[PDB]
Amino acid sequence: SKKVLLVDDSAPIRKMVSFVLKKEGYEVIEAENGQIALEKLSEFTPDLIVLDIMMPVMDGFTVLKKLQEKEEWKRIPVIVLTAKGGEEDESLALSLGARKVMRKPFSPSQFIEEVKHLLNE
């Protein structure tokens, strides 16, 4: 069982995403904003980060950037899962080390496929 850091400000999304992830046997750690996320990263390293962009306190891009400037953090795979349409936003996230970008709303199955692909690399 791998460990996943779920970062998003919507509880319903967290609860939903957690269900799909735990269905595949994974352990889930939830963070509701960018700062919460970074606090949890300082005292453990997850196998994957599912990351939202638009959040209070600290946004996803700030997180992405702060992940890069640390050695132990910049190798952790990140799926950006955002309600933002843009091709500029996808491109920026990728250039900040995000592996995949997925637009909300999304298919929970295709999400699961993409999670497994990154955990088996």
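Sequential numbering from 1, following the sequence displayed.
Legend entry - Selected stretch [higher average CA B-factor]: 54-62 or 79-87: Between 54-62 and 79-87, it is 79-87.
Inset, instruction - Pick between 92-100 and 37-45: the one whose mean CA B-factor in the entry is higher. - result: It is 37-45 that shows the higher mean C-alpha B-factor.
Inset, instruction - Taking the values exactly as deposited, rank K22 by C-alpha B-factor within its chain and report the matching third: lowest, middle or highest. - result: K22: CA B-factor falls in the middle third of its chain.
Inset, instruction - Compare the C-alpha B factor of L118 with those of the other modelled residues in its chain, then answer lowest, middle or highest third. - result: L118: CA B-factor falls in the highest third of its chain.
Inset, instruction - Divide the modelled residues of the chain into thirds by Cα B-factor and specify which third, lowest, middle or highest, holds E30. - result: Middle third.
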